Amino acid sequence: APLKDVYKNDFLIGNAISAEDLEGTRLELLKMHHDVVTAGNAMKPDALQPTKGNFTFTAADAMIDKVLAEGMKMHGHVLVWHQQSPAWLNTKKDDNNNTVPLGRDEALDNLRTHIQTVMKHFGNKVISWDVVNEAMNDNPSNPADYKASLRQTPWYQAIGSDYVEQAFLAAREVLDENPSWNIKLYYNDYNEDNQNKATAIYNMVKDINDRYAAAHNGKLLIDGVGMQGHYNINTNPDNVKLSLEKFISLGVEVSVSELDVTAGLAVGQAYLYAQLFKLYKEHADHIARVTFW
């Protein structure tokens, strides 16, 4: 029995792939088991805009056209990240070879231009975008203050703590101009079963959604939270439940975006995969997708 068939009414079953998937023997297993795919590398910022104004969509287009041709859906990953993201977006070299943040006006223009050009280029070919990935520190000591809990990445240093909201606003504008496109906008993070981090993420989303909702008659700016699901055989499943119930109470949908269970035994994986799938089935009304990496 394919996972895809077992969870048909519950959630999409997904996989992360590359170009060499999609060929011959790998292609038939892909389709048999999965409804949705995410490109592992091909839609990241370094692959789509490697120098200023120079968008390179050929390889990504080829991949997405083939996935669509094959009857599967595509999840877009990722518009904004501090890894695999070219320096010119948010920094420059000063006179003495030191890399320094660009000003807020210039970096905000770059941020908005990258989000919007990418989202418009793919249009309705994706079912969802991870607009922002991994913006929160690990184990933040003060999750009551989400802005103080943000990782101080290059976007943060150029724009400040409101770059997350601005990124989602840039993406939301694209969807408002193109209401025929059915696309959910996600915020994505890992170690979501750390209760301080889940709390900081929940407070960030709630503050950003609330202010938006109050100005736009209850519409969400952030549609989804993605739990990456980089778990290990010692991952406590009650922690994953607390976090999931916490994200559900924001009225967002939830997805599991990069599920894998590594060592701290095959048996220990099975223990945890069953506890997780049990928990998902229980909350399937709120979970859109579960994707393995």
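Numbers for residues come from their place in the sequence shown, where the first is 1.
Unmodelled stretch of the deposited sequence separating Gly264 from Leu265, binned as none, 1 to 3, 4 to 9 or 10 or more: Per the deposited record, the segment joining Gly264 and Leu265 lacks coordinates for 4 to 9 residues.
- prompt: For the C-alpha atoms alone, is the average B factor greater in 31 to 39 or in 220 to 228, going by the entry?
  reply: Higher mean C-alpha B-factor: 31 to 39.
query: Mean C-alpha B factor from the entry: is it higher for 163 to 171 or for 206 to 214?
result: Between 163 to 171 and 206 to 214, it is 206 to 214.
message: Among the choices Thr235, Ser257, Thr56, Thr51, identify the one whose CA B-factor in the record is greatest.
response: Within the set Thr235, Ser257, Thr56, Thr51, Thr235 shows the top C-alpha B-factor.
message: Could you place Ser141 in the lowest, middle or highest third of its chain by Cα temperature factor, using the values in the record?
response: Tercile = middle for this residue's CA B-factor.
task: Going by the recorded CA B-factors, say which third of the chain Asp95 sits in, lowest, middle or highest.
output: Highest third of the chain for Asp95's C-alpha B-factor.
Third of the chain's Cα B-factor distribution that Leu89 belongs to, per the entry: Its C-alpha B-factor, which the entry lists for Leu89, ranks in the lowest third among residues of this chain.
- prompt: Within this chain, which third does the Cα B-factor at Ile127 fall in: lowest, middle or highest?
  reply: It falls in the middle third of the chain.
field: CA B-factor ranking of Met72, expressed as a third of its chain
entry: According to the entry, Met72 has a C-alpha B-factor in the chain's highest third.
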